[PDB]
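Cβ: placed from backbone, ideal geometry, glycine included. Neighbour counts: every protein chain shown. Where a number appears in this text, it was derived from the coordinates with a stated rule and is not lab data.
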Amino acid sequence: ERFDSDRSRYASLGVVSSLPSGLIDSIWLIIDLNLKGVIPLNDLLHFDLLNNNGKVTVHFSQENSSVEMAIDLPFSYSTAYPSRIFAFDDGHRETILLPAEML
Amino acid sequence: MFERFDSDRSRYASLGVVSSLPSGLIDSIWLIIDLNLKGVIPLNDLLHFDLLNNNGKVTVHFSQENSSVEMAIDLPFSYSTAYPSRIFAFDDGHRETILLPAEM
Amino acid sequence: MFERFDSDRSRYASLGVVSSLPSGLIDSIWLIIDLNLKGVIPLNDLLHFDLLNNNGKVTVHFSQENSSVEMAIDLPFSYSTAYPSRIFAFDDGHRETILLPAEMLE
Amino acid sequence: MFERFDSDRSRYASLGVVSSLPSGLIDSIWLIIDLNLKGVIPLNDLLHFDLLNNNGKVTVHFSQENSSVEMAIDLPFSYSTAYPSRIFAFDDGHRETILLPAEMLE
Amino acid sequence: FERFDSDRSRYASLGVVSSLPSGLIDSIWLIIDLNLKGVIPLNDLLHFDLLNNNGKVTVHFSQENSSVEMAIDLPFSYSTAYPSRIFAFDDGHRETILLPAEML
Amino acid sequence: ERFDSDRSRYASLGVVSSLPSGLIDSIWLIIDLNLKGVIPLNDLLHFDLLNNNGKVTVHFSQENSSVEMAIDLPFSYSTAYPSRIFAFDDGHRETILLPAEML
Amino acid sequence: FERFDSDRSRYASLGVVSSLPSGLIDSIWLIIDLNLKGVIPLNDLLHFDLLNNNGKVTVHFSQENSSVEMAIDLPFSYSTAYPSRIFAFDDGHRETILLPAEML
Amino acid sequence: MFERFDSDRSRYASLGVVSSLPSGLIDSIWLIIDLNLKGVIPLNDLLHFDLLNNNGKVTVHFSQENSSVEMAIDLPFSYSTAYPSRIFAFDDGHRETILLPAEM
């Protein structure tokens, strides 16, 4: 019912122009395969993108909760990637976006 | 009353689109609108782009509903049999989205 | 020291797969392996995935020879009748490959 | 403007081919196409090559559907009984691929 | 032969790939292919300035011995992290986007 | 009987360190598929490596003969490639080598 | 993590790839992997001088704040066309061989 | 009477070898001999190298006929099922060759 996979899902321009498609999709998968049904979820999820030895580690956290997770993904890391991104659920539409893009 | 595909508002790609095209190619639709369409022709709120194989690379055919302009843009990206034939850019006044036919 | 469907090793997708499933779905198979399988259960070097319609969305059933594990993974993606009904992930010990049953050699 | 087994377009080799013939032989198939076929005869989008033993060296017989041309090309390379007895070159109009008959889809 | 052919392969130098998002790098090439190529003769070396237009990137294009310029407003957000100029160099088989400091 | 394909064939170190395997093999193929049986051949063949629009063109020539040939190959051109190479047949062994390597 | 890991990807800059044969570029990496790594700690930046030893290349290795050097005679022919020094830089996910002029 | 694998003489790879391995990898055998073998151990006129799969990359096992030294060198190149298992370096006094077992 929150980041329900039956409602529409988007990626902002800012995310698309700086991350490859595969990595963006990972985020949805992390939510669907690791997060959903296992923890209650805020309408706003944090995903920091960390350099794990040349590859990308996603670190999931959210507010008013001390449940976090690290997920190693097979994508190459770039210093040009946003350092963190968000998943936001306004109740109709769900979107991966950059922090700057929340205003 | 609104300016179509106005760059000062929020732009999105649908999940459907993000999972079939590379980012580069998606960004191209936007750049095609900003560089070759805006300022040039008046714009429907819904745009059609066809992804064609031109010699192994993608060519985009643009058209739109209530107009007779049609434009063909050769792009650097290589083509895949599994790309959607056709995608849409849709602007609703508040949000601007690149999305799949089926997704409307 | 080496690892079954290691992600540090090259992953390819066959012609039939690449031309028949969108990218986001191919990556899904790899992610299922990486997020749900490695570190969770032991892996055969060959992995069956059935792609099923689940109310218009894709659902992947996983299984392998010599094991009692099955797993259903509901995907956000849209199902299409055009998609191949099953695929394999194969690890020949240096290179990992996703391919269609029709493309297996013997 | 596009071209049959165009060399400006990407050429791949299938898993079965890549793991079963050495590189210099795969390149040979492409070179045969480039040196002996393109510009010489019209090309079907699918090309048969039989790999034959010719006193320990490889000989490639070429043919295609809808054509009366055959060609035998004697290669400098060493024949091995391990090699696949025939391969196909296929051009699906954006990507060119060499593969084994067993790997063809339908 | 043709200056900045799309079918010849294109790279970004270390400095470039490290400090600009892909969409922006893609933009340079697309500004070339969409706005420049076929319209004016190009030098082997092409200047792009990355300017801040109210929080968004604008690209100034110029080149030595042509009075011909162009200003391209882009959809992407601006950052002072970004390099302020970049060059595109066509060495005649390989094309590259690099930072002035990375010239020879 | 000259560059007969039944005698041993080699590539000097100098050639191997500067050209990819596929391109070296091309030379043998050019000789076998285009040259041999069609023209008499010197024990020393010239192959200039030219930039054809980002790709390599091999130009075959040899001495005391005005028969030449251009062959477009699919390999990428590099300014670092030797500008020309040789095929030499001493009567036992046949070798692709750099000009500097003939001494 | 480990300085100049082999499993992390390695590039040569434009200047480098344009003026040295592959075998020589390969050599630098192989000097690292075969002679240096595991034997001394490495900096992110590594100096190689390319010297003429009677018509063949010899590589001098050094690095700032180590008195530790090494001289490696190579089989390859020398050319005055070649750059006289090259650096190897490990930016922490990407490793690169480049010309001093191409540093930042 | 001769110095084994002396760098001051001519080195070759056979056709058999050039058509199964990439140049880089072939150059590695030479560099392995010059960097890790010569000056270190006395050398047979014929050397054995096995190409093993070590985790997707090639590892070379070296041994030689009349000796009990055996050495294993991890290399950056990726492995292929179609590479020969084993190659030889053979030095005959005049020419030095990397070649295939069958080729002797």
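Placing dummy labels 7 Å off each Cα toward the beta-carbon, the span from C:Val69 to E:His60 is 6.0 nm.
How many percent of all Cα-Cα pairs in chain D sit more than 21 Å apart? Counting pairs separated by more than 21 Å, the tail of P(r) holds 30 percent.
What the Cβ-Cβ distance of C:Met1 and A:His92 gives, at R0 = 51 Å and to the nearest 0.05, is a FRET efficiency of 0.55. Each part reduced to its alpha carbon centroid, the range E:3-38 and the range A:49-90 end up 28 Å apart.
Pairwise Cα distances in chain A exceed 17 Å for 48 percent of all pairs. Putting +1 on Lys and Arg Cβ atoms and -1 on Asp and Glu Cβ atoms, find which of H:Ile33, D:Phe5, H:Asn54 reaches farthest to the positive end of the dipole of the protein assembly as shown. Of the listed residues, the answer is H:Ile33. Taking the DSSP bridge list for chain G and keeping only pairs wholly inside it, about 90 percent are antiparallel.
Seen from all directions on average, the protein assembly as shown presents a Cα convex hull projection of 39.9 nm². Considering chain H at the alpha-carbon level, its Rg and Dmax are found to be 12.9, 41 Å. For the range B:2-103, the residue among B:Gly24, B:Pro42, B:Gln64 whose Cα projects farthest onto the positive side of the dipole built from Cβ charges is B:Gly24. With each label modelled as a point 7 angstrom along the Cα→C-beta vector, the E:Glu69-H:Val69 pair spans 6.8 nm. For the range D:12-104, DSSP calls about 90 percent of its internal beta bridges antiparallel. Can you compute the helix-only [θ] at 222 nm over the protein assembly as shown? Use -39500 (n - 2.57) per DSSP H run of at least 4 residues, normalise by all residues, nearest 500 deg cm²/dmol. That comes out to -3000 deg cm²/dmol.
Sequence-distant contacts, meaning Cα pairs under 8 Å at least 6 residues apart, place the relative contact order of chain C at 33 percent. Per residue of B:69-75, other chain Cβ atoms within 10 Å of the residue Cβ number 2 on average.
Where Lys and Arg each count +1 and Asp and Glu each count -1, what net charge lies around B:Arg86 among other residues with Cβ under 14 Å from its Cβ? My count for the surroundings of B:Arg86 gives -4. For the residues of B:86-97, the average number of beta carbons from a partner chain within 10 Å of their own beta carbon is 1.
Once the Cα-Cα distance is subtracted from the 0.36 nm per residue extended length, the D:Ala82 to D:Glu106 segment shows a gain of 6.1 nm. Protection proxy ranking of F:4-16, B:22-34, C:75-87, by the mean of other Cβ atoms within 10 Å over each peptide's residues and highest first, is B:22-34, F:4-16, C:75-87. For the residues of B:28-41, the average number of beta carbons from a partner chain within 10 Å of their own beta carbon is 4.
Here the dipole of chain H is about 260 debye; that uses its Cα centre as origin and unit charges on the Cβ of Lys and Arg (positive) and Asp and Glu (negative). Any idea how far the Cα center of the range C:89-106 sits from the one of the range A:1-30, in Å? That distance is 29 Å. Sorting the segments E:56-62, B:47-53 by their mean number of nearby beta carbons within 10 angstrom, highest to lowest, gives B:47-53, E:56-62.
Take the Cα pairs of the range F:30-89, get the Kirkwood Rh, then feed it into Stokes-Einstein at 25 °C and 0.890 mPa s and tell me D in µm²/s. The Stokes-Einstein estimate is 203 µm²/s. With both labels modelled 7 Å from their Cα along Cα-to-Cβ, the F:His59 to B:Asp50 distance reads 4.4 nm. The angle between the Cα long axis of helix G:22-31 and the longest principal axis of the Cα atoms of chain G comes to about 50 degrees, rounded to the nearest 10.
Packing, taken as the mean count of other beta carbons within 10 Å per residue, orders the peptides D:58-67, E:23-32, E:43-52 from highest to lowest as E:23-32, E:43-52, D:58-67.
Translational diffusion of chain E was estimated from the Stokes-Einstein equation, with Rh taken as the Kirkwood radius over Cα pairs; at 4 °C and 1.567 mPa s the coefficient is 93 µm²/s.
Looking at this model, which pairs from E:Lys37/F:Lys55; B:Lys57/D:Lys38; B:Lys38/E:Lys56; B:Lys38/E:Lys37; B:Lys57/H:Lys57; A:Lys55/C:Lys38 are more than 24 angstrom apart at the alpha-carbon? Check vs 24 Å cut-off fails for B:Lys57/H:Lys57. Secondary structure note: in the protein assembly as shown, about 85% of the DSSP beta bridges are antiparallel.
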